[PDB]
Amino acid sequence: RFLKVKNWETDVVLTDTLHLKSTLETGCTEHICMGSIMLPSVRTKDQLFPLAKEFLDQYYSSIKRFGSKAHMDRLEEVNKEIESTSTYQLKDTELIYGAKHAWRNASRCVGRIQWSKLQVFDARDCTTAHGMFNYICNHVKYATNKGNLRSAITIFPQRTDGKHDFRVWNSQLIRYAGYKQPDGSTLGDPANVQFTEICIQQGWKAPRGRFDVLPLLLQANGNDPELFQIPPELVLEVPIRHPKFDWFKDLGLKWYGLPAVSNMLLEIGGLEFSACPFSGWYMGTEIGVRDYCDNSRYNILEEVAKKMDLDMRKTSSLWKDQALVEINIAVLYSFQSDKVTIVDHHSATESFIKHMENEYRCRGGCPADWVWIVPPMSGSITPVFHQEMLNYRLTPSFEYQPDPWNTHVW
Amino acid sequence: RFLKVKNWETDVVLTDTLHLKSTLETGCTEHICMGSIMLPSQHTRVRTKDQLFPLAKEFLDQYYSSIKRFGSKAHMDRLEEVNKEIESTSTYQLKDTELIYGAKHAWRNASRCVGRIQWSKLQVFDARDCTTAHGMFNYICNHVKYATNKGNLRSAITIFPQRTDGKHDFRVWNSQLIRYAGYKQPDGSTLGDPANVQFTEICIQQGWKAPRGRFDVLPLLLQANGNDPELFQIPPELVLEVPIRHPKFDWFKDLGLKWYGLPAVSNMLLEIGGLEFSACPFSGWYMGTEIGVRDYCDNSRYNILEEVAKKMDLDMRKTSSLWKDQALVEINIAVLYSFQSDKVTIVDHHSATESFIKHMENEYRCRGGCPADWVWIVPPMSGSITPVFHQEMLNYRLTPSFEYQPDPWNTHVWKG
Ligand code: HEM
Ligand code: HEM
Ligand SMILES: Cc1cc(CCc2cc(CCN(C)C)cc(F)c2F)nc(N)n1
Ligand SMILES: Cc1cc(CCc2cc(CCN(C)C)cc(F)c2F)nc(N)n1
Ligand SMILES: C[C@H](O)[C@H](O)[C@H]1CNc2nc(N)[nH]c(=O)c2N1
Ligand SMILES: C[C@H](O)[C@H](O)[C@H]1CNc2nc(N)[nH]c(=O)c2N1
Ligand SMILES: [Zn+2]
C-alpha cells in the first residue's frame, strides 16, 4: 500500500506515499477502470470546516509551523467565522498557496514543473462585468509580456449561494469564432459554433472569418453576461509558415500566443472560485495536432497533404502522419521565429519526467493521468509513454463545472 | 446498473451492461487509478478442487448459453460429469468444442488487443496429447507453417496440456516463437535486439551456437511435463522474413534491416473454466507500428532513429526540428511498403483502429459491451488522428482470459 511506479525505458522505480493523503475519488472501482472517461460524474456549514482544517493543516505544514502559535490561532479564527457566516475568507498568503497547489495537483497537466512560479492576481474585490473585463485585460497583458510568456491566474469572488456566481462564459479568454454555413460545413473553429451563436444572439457583430477573435462574455454576481472586445494590441497572434516549404504561408493559417483556460472551478479549503482564468504557454502539439488536425476542428490535413502532392488514396501511405509532422514543425518554427514562448512535446515531456522525480523525492509522489500526459503524436518516442503513473485526486484542485448558459436564469 | 461511453469526435454513445458479468479485479480503487501500470497484480498469474468447480460451472453456463442450450439435458449432464470428475480426479478435461470456444473468447476478452474484430476466425490446434519437447517442436513447426501460409497469414493458437500440480508445466521459454537474438558486447554496446539479451544468454548457456549477427532467429527452448527445456532450430524455410526498403529512399535498403512476418506470442497463460494452459502460443499478423515504432525506434530496442535521421540529413541539433518524428514516419512507411510489396499480410494503424471501433460498437450491440484498455489500444504514433483516441472505453476483466505469468527460468527446478 506504499505503491511503486516503474519507467520501462530506464528501470527507474519511484515509491508513492502521497496517494494516501488523497481525499476525493477517481470514478474507478476494483471491477472497472474508468481511466479513459473524459469527465467522470452550496456547502452546508458542517462539511465546510473539515475542508478548511485540512487545507490549513497542510498550509501551515508547508511553512514549517504545523501545530504552532499562529496555526492554532488561525484554526480558531476560521472556525469562529464559519459558525456565524457559513463561509470564510482566505488570507492572501493562503490564496497564493492554494492556487499554486491546485496547479501542482492537476494530474492531467504536463507543464507542472513550473507550478511554483505562478503569478496570482487577487480580484476578490471585483463587483461588475466591466471590472472583470479590466482585471482580464491586465491578466492578458501581464501574461503575454510581448511574447515572453508568464504563467498567471486571476481569482474572482468565491461562490456564496450559487445565485451570485462570477463566471467567464468563454472556455478560453482567446478563441476563434465558428460559423455554420448554409451548405452544411463549418467556417472557422467548429468547437465554438454554439458559443459564437450566443455572442451573436447577444449582440456581437461577427466578421465571419476563419480566425475571428471572440468577444468576452462576462458575468458578475449572477447577472446577465456582457460582451467585451479584447483590445487587439493585447491579443498576440502568430502567422504560421514553414522553414522549408514556402507555399505554407499561403495557407492563411495563424494562431494566438496565449492559452488561457477560463471555464474551470478552483477549489481551495472547501471554497469554490467559479471564475479563475489561468494562462501559461502552448505545447506545440496542442495547436498543430489537436486544433489544426482533429476531424471535429479545423481539420486541415486534407489541404496540407494535397499541397504536398502525397498519394492520398491509401491510408497505408501514412500521408496523414507525414502531413501532421510538417504542420507541427511549422507551428514550432513560427512561434520561435516570432519570439513567442512555445515548447515542443519532446522537451515538455522530458521536463515532466524530471518534475516527477522531484515530486517523488521532495513530496513522496505526483498524481499523473497517463491518458492525458502522453502527447497526441509520436507517443512512444517520448519518455512519458514508458512511465507508469498513479492517478489520484488531491485538493486544492481545478474541477470542471457546467456551462453557464445551461444553468443561468436569464 | 448501466454504464455509458462517448466517442467525442462523433458524439456516438454506447451502453455497457457486460461489465456486470465481470468477476476479477482491475487493480484500481475508488481512490487511485492503476490504469497505466504495465503488469498490475491482477493481470498476472495451483488451484485446489475447492475453488475449481464454481469456475467450471460458470464457464459451462457461458458455453451452453452461446449454443442456445442453457439448462438443457446436455448442459446438466455435463455439469454433473465435470463435478464427479473434479471430486475424484481433482481436475477436469475440456471437450474439443469447449476448448475452441474457450480460446476464442479469451482473445475476445483481451482488452488490450486492437485486432479483436477477427476473434471468431481463430484456428485452434489441440496439442493436449503432447508429452515431450520434441513433440512440442513438431506442433510449433506445423503452427508456424499453417499460420504463415506463404504470406497470407492466418490467426492460430496451439494448446499444450494444462497445468496439474504446477511441478509438470509445459512452457515455451521464448517470449515469441520468432525473435532475433541480442548480444551484449564487452564494450557495453548491444548487437541485435536488446530486448532479447537475457534470453539469448540462456540459449547460449544451454548449448546454442550463436552466429552473433544482427538478425539471428533464436532457437526454440521448449519445456514438456516439467522437464528441463531443450533447444530446437526452426527450419529456416518456415521463417518468412521481409527485407525493409523505402519506396523513395534508395539508401534505406543499405541499412540492412529485415523483420519476420509472423507475430506469435508464446509466454502467456490461457485460463478456461479454472484450467490453466501455461503453454499456448498464438499468432496473428502485424500492425505496422509494432515493428516500425516500437521494434525499431524504442530507445531500448534497435534504436535506428539516429541512423535514419542522419541519412535523411535533418537538423538533429534541436529537438524542436521534429527530426525524430520525421524519421519515425519514414521508417513506418518503409515497413508497410516492404510487407505489402512482398504480399505478407500487414495492417496500418489507421485501418486497424477504424476496424476496432466498428468491432467495438458491434460488441456493444450484440454482447452488451467490449472491455478495452485505452492506454494500449491507442497507437504509439499519431494517436489523435486515429478514431480510438477520441473513444471512451471501459476496462474490466472477463474469463476465459490470457494472463501474464513469471518467466520460467525464475521458477524452474532444474533436474540437472
Ligand atoms: C506553462 C505551460 C503549460 C503547459 C505546456 C500546459 C500543458 C497542458 C496540457 C498539454 C494539458 C492537456 C489538456 C489538453 O490537451 O487540452 C494540460 C492540462 C491542464 N493544465 Fe496545464 N499547461 C501549462 C500551464 C498550466 C497552468 C499555468 C495551469 C493553472 C494555473 C494549468 C492547469 C491545467 C489543468 C487544470 C489541466 C487539466 C484539466 C483537466 O483535468 O481536464 N496548466 N496542460
Ligand atoms: C490478427 C492480428 C492481430 C493484431 C493486429 C493484434 C494487435 C495487437 C496489439 C497492437 C496489441 C498491443 C500489445 C503490444 O503493442 O505489444 C495486442 C495485444 C494483445 N493481443 Fe492482439 N493482435 C492480433 C491477433 C491476436 C490474437 C490471434 C490473439 C490471441 C488469440 C491476440 C491476443 C492479444 C492479447 C492477449 C493481447 C494483450 C497483451 C497484454 O495484455 O499485454 N491478438 N494485440
Ligand atoms: C494554461 C494552459 C492550459 C492548457 C490545457 C488546456 C485545457 C483544456 C481543457 C479542455 C479539455 N477538453 C475537454 C476540451 C481544460 C483545461 F483545464 C485545460 F487547461 N495548456 C496550456 N498550454 N496552458
Ligand atoms: C498474436 C499477436 C499479438 C500481438 C501483441 C504483442 C504482445 C506483446 C506482449 C508484450 C507486452 N509488452 C510488455 C512488450 C504481450 C502479448 F500478450 C502480446 F500479444 N500483436 C500481433 N500483431 N499479433
Ligand atoms: C476519449 C479520451 O478520454 C479523450 O479523447 C481524451 C484522451 N486524452 C486526451 N489528452 C489530452 N491531452 N487532451 C485531450 O483532450 C484528451 N482527450
Ligand atoms: C507505462 C505504460 O503503461 C506502458 O509503457 C504501456 C503503454 N501502452 C502500451 N501500448 C501498447 N500497445 N504496447 C505497449 O507495450 C504499451 N506500453
Ligand atoms: Zn482506473
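Basis of the calculations
Residues numbered from 1 in each chain as written, not as in the entry; some residues may be left out. Chains lettered and ligands numbered in written order. Heavy atoms only, no water. Helix = DSSP H or I, 4+ residues; strand = E, 2+ residues; numbered from the N terminus. Rg over C-alpha atoms; globule rule 2.2 N^0.38 Å. Buried < 20%, exposed > 50% of the residue type's maximum accessible area, 1.4 Å probe, protein only. Areas by Shrake-Rupley, 256 points an atom, 1.4 Å probe, with all protein chains shown as cover. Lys, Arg positive; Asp, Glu negative; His and termini not counted. Charge placed at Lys NZ, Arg CZ, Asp CG, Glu CD. Salt bridge = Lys/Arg side-chain N within 4 Å of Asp/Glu carboxyl O. Domains from an automatic or database assignment. Contact = heavy atoms within 4.5 Å. Buried area = accessible area lost by both parts, 1.4 Å probe. Nonpolar A, V, L, I, M, F, W, Y, C, P; charged D, E, K, R; others polar. Pairing = 2+ DSSP bridges. Near = heavy atom within 4 Å. Polar contact = N/O pair within 3.5 Å; in protein donor to acceptor, adjacent residues only side chain to side chain. Core = buried A, V, L, I, M, F, W, Y, C linked by side-chain atoms within 4.5 Å. Disulfide = S-S within 2.5 Å. Axes fitted to C-alpha atoms, helices over the stretch in contact; angles between N-to-C directions. Donors = N, O, S within 2.8 Å, 3.2 Å for Na, K, Ca; no water. Parallel < 35°, antiparallel > 145°, perpendicular 65-115°, else oblique. Left-handed = near helix turned anticlockwise from the far one by under 90°.

A.B. asks: Can you break down the overall build of chain B residue by residue, with the values?
C.D. replies: Counting its secondary structure elements, chain B contains 10 helices and 18 strands. Taking 2.2 N^0.38 as the reference for a compact globule, 416 residues should give roughly 22 Å; the C-alpha atoms of chain B span a radius of gyration of 23 Å, in line with that estimate. Its C-alpha atoms put chain B at 70 × 60 × 45 Å along the principal axes. Going through the 416 residues of chain B one by one, you find that 55% of them count as buried. Of the accessible surface of chain B, which amounts to about 17,800 Å², a share of 50% is contributed by carbon and sulfur atoms. Taken together, the 48 basic and 49 acidic charged side chains of chain B have centroids lying 2 Å from each other.

A.B. asks: Residues and numbers for the pattern of salt bridges, please.
C.D. replies: All names here are of chain B. Tallying each qualifying case throughout the model produces 50 salt bridges over all chains. The closest approach of N and O atoms between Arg108 and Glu363, which form a salt bridge, is 2.7 Å. One end of the pair, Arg108, is in helix α3 (residues 96-108); the other, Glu363, is in helix α9 (residues 349-367), and 255 residues separate them in sequence. On the accessibility criterion, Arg108 (10% relative accessible area) is buried. Of the charged contacts in the structure, one is a salt bridge between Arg163 and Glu276, with a shortest N-O distance of 2.9 Å. Placement of the pair is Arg163 in the loop between β4 (156-159) and β5 (171-172) and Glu276 in strand β14 (residues 275-277), with a sequence separation of 113 residues. Across the pair, exposure class does not vary: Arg163 and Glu276 are buried alike. Residues joined by salt bridges that share partners form a network here, namely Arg45, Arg47, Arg163, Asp169, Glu271, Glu276, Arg397 and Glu403.

A.B. asks: Before we move on, can you summarise the domain arrangement of chain A with the specific residues and values?
C.D. replies: Residues and elements named next belong to chain A. The domain architecture assigned to chain A consists of domain 1 (16-124 + 151-161 + 265-279 + 349-373), domain 2 (125-150 + 165-236 + 400-404) and domain 3 (237-259 + 282-347). Just the C-alpha atoms count here: the centres of domain 2 and domain 3 sit 24 Å apart. At the junction of the two partners, domain 2 supplies 19 residues and domain 3 supplies 18 residues. Regarding the contact of domain 2 and domain 3, the summed buried area is about 1,700 Å², with carbon and sulfur atoms giving 57% of it. The tally of links between domain 2 and domain 3 comes to 1 salt bridge. The partner of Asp189 in a salt bridge is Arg297, and the shortest N-O contact between them spans 3.1 Å. Ranked by the residues each element gives to the side of domain 2 that touches domain 3, the list is headed by helix α4 (residues 129-144), at 3 residues. Here the side of domain 2 that touches domain 3 is built from residues that sort into 11 nonpolar, 5 polar and 3 charged.

A.B. asks: Residue-level account of the pairing of strand β8 (residues 216-219) of chain A, with values.
C.D. replies: Residue and element names in this part refer to chain A. Because side chains alternate across β8, one face comprises the buried residues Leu216 and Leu218, and the other comprises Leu217 and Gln219, equally buried. Where strand β5 (residues 167-168) lies against β8, 2 bridges are found, and the strand directions are antiparallel. Note that in β8 the partner of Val168 across the bridge is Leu218. Here 3 bridges tie β8 to strand β9 (residues 226-228), and the two strands are oriented antiparallel to one another. By the bridge assignment for β9, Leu218 is matched with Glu226. Count of turn residues in the β8/β9 antiparallel hairpin: 6 residues, of which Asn221 carries a positive phi of about 45 degrees.

A.B. asks: Any details on the site of ligand 6? Residues and values, ideally.
C.D. replies: Near ligand 6 you find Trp370, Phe385, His386, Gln387 and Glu388 of chain A together with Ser36, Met38, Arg294, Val375 and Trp376 of chain B, and these make up its full shell. The environment around ligand 6 is built from residues contributed by chains A and B. Between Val375 of chain B and ligand 6, the recorded distance is 3.1 Å, taken from a backbone N or O atom to a nitrogen atom. The separation between a nitrogen atom of ligand 6 and a polar main-chain atom of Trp376 of chain B is 3.2 Å. Protein chains shield 86% of the accessible area of ligand 6, which is 400 Å² for the free molecule. Here the shell around ligand 6 is built from residues that sort into 5 nonpolar, 3 polar and 2 charged.

A.B. asks: Give a detailed account of the nonpolar core, specifying residues and quantitative values.
C.D. replies: In this structure, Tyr292 of chain A together with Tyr296 of chain B are the most contacted members of the largest nonpolar core, which totals 123 residues. Among residues more than four places away in sequence, those in contact with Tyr296 of chain B are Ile244, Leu257, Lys258, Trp259, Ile291, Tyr302, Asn303, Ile304, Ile331 and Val335 of chain B. Counting 58 residues, the second largest nonpolar core, distinct from the first, contains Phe352 and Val374 of chain A together with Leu14 and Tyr396 of chain B.

A.B. asks: Describe the state of the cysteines, naming the residues involved and giving the relevant values.
C.D. replies: Here, disulfide denotes a covalent bond that connects the sulfur atoms of two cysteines. Residues and elements named next belong to chain B. Using the criterion set out here, one finds 0 disulfides over all chains in the structure. Here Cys141 stays unpaired: no disulfide links it, and the sulfur of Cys130, its closest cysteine neighbor, is 12 Å away. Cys141 sits in the buried class, given a relative accessible area of 9%.

A.B. asks: Would you mind going over the site of ligand 2 in detail, with residue names and values included?
C.D. replies: Residue and element names in this part refer to chain B. In the neighbourhood of ligand 2, 14 residues make up the surrounding shell, with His43, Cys113, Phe282, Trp285 and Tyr404 lying closest. One of the side-chain nitrogen or oxygen atoms of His43 is found 2.9 Å away from an oxygen atom of ligand 2. Broken down by class, the residue content of the shell around ligand 2 amounts to 10 nonpolar, 2 polar and 2 charged.

A.B. asks: Go over the sheet that holds strand β13 (residues 265-268) of chain A, please, and point to the residues and values.
C.D. replies: All names here are of chain A. Here we have 3 strands laid out as an open sheet, ordered β14-β13-β16, and antiparallel in their pairing. Taken across any chain shown, the strands that pair with only one partner, and hence form the sheet edges, are β14 (271-273) and β16 (397-399). The average angle at which neighbouring strand axes cross in this sheet is 30 degrees, direction not considered. Where β13 lies against β14, 3 bridges are found, and the strand directions are antiparallel. When the bridges of β14 are listed, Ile268 appears paired with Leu271. Running over the sheet, helix α3 (residues 92-104) touches β13, β14 and β16 and is turned about 120 degrees from β13.

A.B. asks: Could you give an account of the coordination of the iron atom of ligand 1, naming the residues involved and the relevant values?
C.D. replies: For the iron atom of ligand 1, the protein supplies a single donor, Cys109 of chain A (SG), at a distance of 2.4 Å. Along the chain, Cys109 of chain A falls in the loop between α3 and β3 (119-122).

A.B. asks: Let's hear about the packing of helix α6 (residues 284-293) of chain A against helix α8 (residues 319-337) of chain A: which residues, and what values?
C.D. replies: Residue and element names in this part refer to chain A. α8 packs onto α6 with a crossing angle of 130 degrees between their chain directions and a minimal axis gap of 9 Å. Between α6 and α8, the angle falls in the class oblique. Both α6 and α8 take part in a crossing whose hand is right-handed. In this structure, α6 uses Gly284, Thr285, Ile287, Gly288, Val289, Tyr292 and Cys293 to contact α8, whose residues at the interface are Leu324, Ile327, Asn328, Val331, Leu332 and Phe335. Tallied by class, residues from the contact of α6 with α8 come to 9 nonpolar, 4 polar and no charged.

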